[PDB]
Amino acid sequence: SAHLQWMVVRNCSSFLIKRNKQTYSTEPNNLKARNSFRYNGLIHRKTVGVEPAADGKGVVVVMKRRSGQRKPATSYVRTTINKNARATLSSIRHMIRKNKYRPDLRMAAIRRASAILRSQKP
Amino acid sequence: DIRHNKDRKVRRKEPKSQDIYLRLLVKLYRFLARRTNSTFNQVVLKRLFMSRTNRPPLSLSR
Amino acid sequence: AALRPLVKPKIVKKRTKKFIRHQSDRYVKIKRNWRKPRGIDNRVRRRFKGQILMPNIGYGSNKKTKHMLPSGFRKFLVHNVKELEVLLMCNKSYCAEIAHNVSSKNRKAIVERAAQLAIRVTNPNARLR
Amino acid sequence: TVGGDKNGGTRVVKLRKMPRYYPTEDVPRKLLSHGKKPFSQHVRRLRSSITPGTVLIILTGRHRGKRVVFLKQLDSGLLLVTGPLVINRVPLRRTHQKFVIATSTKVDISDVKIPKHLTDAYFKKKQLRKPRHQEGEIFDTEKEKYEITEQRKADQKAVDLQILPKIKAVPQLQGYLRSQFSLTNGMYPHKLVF
Amino acid sequence: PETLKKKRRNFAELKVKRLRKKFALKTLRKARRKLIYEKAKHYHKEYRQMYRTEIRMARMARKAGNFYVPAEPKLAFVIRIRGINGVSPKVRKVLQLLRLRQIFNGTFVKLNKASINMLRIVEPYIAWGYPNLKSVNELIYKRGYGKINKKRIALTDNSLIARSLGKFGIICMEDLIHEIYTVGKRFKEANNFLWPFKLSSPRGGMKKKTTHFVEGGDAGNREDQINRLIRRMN
RNA sequence: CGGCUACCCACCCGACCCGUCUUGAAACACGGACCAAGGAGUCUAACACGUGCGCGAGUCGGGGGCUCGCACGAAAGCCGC
RNA sequence: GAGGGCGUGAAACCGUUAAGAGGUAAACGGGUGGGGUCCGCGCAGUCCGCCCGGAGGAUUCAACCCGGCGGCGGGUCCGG
Ligand SMILES: [Mg+2]
Ligand SMILES: [Mg+2]
Ligand SMILES: [Mg+2]
Ligand SMILES: [Mg+2]
Ligand SMILES: [Mg+2]
Ligand SMILES: [Mg+2]
Ligand SMILES: [Mg+2]
Ligand SMILES: [Mg+2]
Ligand SMILES: [Mg+2]
Ligand SMILES: [Mg+2]
Ligand SMILES: [Mg+2]
Ligand SMILES: [Mg+2]
Ligand SMILES: [Mg+2]
Ligand SMILES: [Mg+2]
Ligand SMILES: [Mg+2]
């Protein structure tokens, strides 16, 4: 039930900021900032997300387990990748190309990972 | 030139109701009537935009 | 060494002047804001020559360059650091603008986060001593 | 590509590896237009009044209306002219076709015997600087202006010693080229015959 | 896998399936090219013969001291001359039926007993004449616009004509020009397919626009002099 | 060095003072010295049409009663012979 | 710069200081030019990121295997 939930979340929902002519969805598990159906990370059975590590280096990747639904305690598996600028970029690409696992938004995840690595470099 | 009093088609192209299930039905039947090239799909998509009056309740004996 | 945006075209404006309300110069009670003149024998309503101009849909700027700053970015208003990381993916076309009611203690943190994220800020180095 | 190693056999090497950084929202590609050539592949045009051995007036140059002799057309589309340094102090100079006025006078120059080493690449402006930041000296280059010799004077002395025997044959050409063109009050160019 | 190795050959088989189709399409396109070339050649020969026979008949008649009169031209080009506001409905209806709504536009009309009177009704607002072959050629090439649908699509490729009007045999623009200049059984469709030719203002300047051409103006019958005006309007 | 603009000045062209009654308003027709605040199509009952919702030859508890005393409860929940 | 109808302190109006202008009342729209405040840059000296071929140094991993956990996919729907 992805479209049924999107017809409720597309408006009248929290996390949404549209003060200017552009709107932003701002979910804890989301790659881009656009409030769209193909990029929402709360309504699908399979979701990929990247995030800067809490220690100060590396990238954490959150994947929707899909094994047990409606159980947000273990619904997300979190891994940590701390490698050079290319090994992480290749591992994240394999994580979406080898498995089917939502083949789209692969470029979105890769771009976000590269952008957060650019900020982790200094 | 030509008068512009009848240039705008008054027919509706979007359901005024906010029912989510009706919206999903419209989103599905629009794709069907656009792709399958079926006049039945076209007419059943057109009949979903209609209001409460234009969709009369058909009885069982009829 | 300002932050280079993405490709930007030469923005052209159809009208560079702001529309002035009719007879707003003679009386100071009449604000500069434009109001549609609805007189039965007014010159501006029937568009006599030599009078002031009325704003219509024709003066609409190009949609490709609408809401674009002269630097080449499009501004987005922020309040804290949480609403700054949302512009991470759109740093090449969109830029940040800190609100006016943000204190100087919490403003420098936003500036440092934007500098780390390589996000253009329209009002940098503001309210410094 | 497969190269030997120290331990563990040999490992394959992948040339042109994947990039490490991706800029977001990259610019799309063009529409692949046609009929557009670079400057090096353009066809060069010349006016019928500009023939080898013609006098030209340098209007927009730094000489501001000097009479020079035209030698030949280069490959980039610019005219290679020269005035006798004894007559008028102008070296072998590059000029533009549309920026000169051609006088109907002609000089027998067919036996010019122009060298082949000088070309469009021979006439360039090179600027270099030692420091990257700002300093008192002006780049250490423009302070002492260019004074390259033994190559700018060699070809000049090779060409003028051949051009002068052809100019001095005309009864009053060395003075005509010495003079500088100017517009007085009595004549207008639309009626003047050049 | 072996199934993937067989799918490798199936990919080449589908490539050959597309290649044979595109090769047949290219051969058919070359055949249609040759066909339209031959049709244009035949039309040029027909134009030569029809232009020479007009002088042939006159020369063979003048030898016996007897005058020869040609046939009345069956095609007439009409241009709108006057403006929009300030027109009677009796003539505005005819202007709307002649597809002449805005000023300075022209269309071809098949001359008949009804069309002659229709033009006479709106004579003060139109300038009509007998177009020439080169004028028709220019009006179809430069200002040629057809409507495959309710939109005005520019005439650039012969496929645009062959798709909408090819069911009668007018596949090419030369066929269109021939059907226009040699009005026959399929002239109405070819004329209605063409959008009203939006013409520019003349160069030499129109003399006494409100006066008839006979009195010294321009709004009237310009049988042979309308080409000199078309040359400046287009 | 670049800068449109809500800064000032000058030239060229066009430019009569706004609102409503009127076929006709800049009028020798009426109101306005200027500025700040307030200021005018609301609400109830009934009717007609159209739209959204729920049920459907049925529909409606707005009138009362029931559970526990309740800041939110002058709410909400229920009646089923 | 809260001094006994004293929080904040607008407009009409008036005084002073600075700038500019002045015979067709002032004002106004279209287009330029001049002056001034201010803004951004430091002005013959400043564009970014990717790949490769070279010039020097330091590091563990990546190829591959092993231990091993976490998730993906379907075959038997196997014990349920
Ligand atoms: Mg209208
Ligand atoms: Mg109507
Ligand atoms: Mg009126
Ligand atoms: Mg002219
Ligand atoms: Mg009023
Ligand atoms: Mg009255
Ligand atoms: Mg009266
Ligand atoms: Mg009035
Ligand atoms: Mg009055
Ligand atoms: Mg009176
Ligand atoms: Mg009064
Ligand atoms: Mg008020
Ligand atoms: Mg105080
Ligand atoms: Mg006080
Ligand atoms: Mg003064």
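The first residue you see is number 1, and the count goes up from there.
A Cβ is built for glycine as well, from the same backbone N, Cα and C atoms used for every other residue.
What Swiss-Prot records for D:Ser33 is phosphoserine, and it gives similarity to another entry as the kind of evidence. Sequence annotations record features per position, and here Swiss-Prot assigns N6-succinyllysine to D:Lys113 based on a large-scale study or a structure entry. Feature annotation from Swiss-Prot assigns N6-acetyllysine to D:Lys145.
What Swiss-Prot annotates, mapped onto the structure for a quick look.
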| residue | record | DSSP (3 states) |
| --- | --- | --- |
| D:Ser33 | phosphoserine | coil |
| D:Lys113 | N6-succinyllysine | coil |
| D:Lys145 | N6-acetyllysine | coil |
Taking just the CA atoms, what is the gap between D:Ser33 (phosphoserine) and D:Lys145 (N6-acetyllysine) in Å?
45
Show which residues of the chain containing D:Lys113 (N6-succinyllysine), separated from it by at least 6 in sequence, have their CB under 8 Å from its CB.
D:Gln162
All-chain count of other Cβ atoms within 10 Å of the residue listed as 'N6-acetyllysine':
6
Specify the count of other C-beta atoms within 10 Å of the C-beta of D:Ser33 (phosphoserine).
6
